[PDB]
């Protein structure tokens, strides 16, 4: 189940993470107390994982973003590249994929020259070849969809 009182709830919270427990209950058709409980059970079972403000990465000094596709060099070694790159803070996302490469990373960085640095560090730390695709512009990002 995902009871569809919760459908409207997660819908509302995806468009507005600061939407107040009060103003939810009006559009939501429940008691300020019922809503508040729902929202708490939704986090407990992992339906909402977190609340985040969406930061413009340019405004914070990240003028170059890229997908970096990686493939381990040695298949006789354990394939743990996500755990090995997890400490590198400019990797924002890491996915295993069915494609040409084993994983895809999304990475943000100060400039073209910093990307070269980061790639050398990704290569030597995980034990991977890199193939990168530079993002020129983000038209929209995390528009979460609740059916």
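Numbering follows the first chain given and starts at 1. Definition used throughout: the rigid core is the maximal C-alpha set that superposes within 1.5 Å between two forms.
For the pair 109-117 and 96-104, greater average C-alpha departure from the shown form in 5 other deposited structures of this protein after core alignment is found in 96-104.
With each structure aligned by its rigid core, the stretch whose Cα atoms sit farther from this model in 5 other deposited structures of this protein, between 64-72 and 27-35, is 27-35. The mean C-alpha temperature factor is higher for 33-41 when 33-41 and 58-66 are set side by side. Between 127-135 and 15-23, it is 15-23 that carries the larger average Cα temperature factor according to the deposited entry. Compared with the other modelled residues of the chain, the Cα B-factor recorded for residue 50 ranks in the middle third.
Per the deposited record, the Cα B-factor of residue 28 falls in the highest third when ranked against the other modelled residues of its chain.
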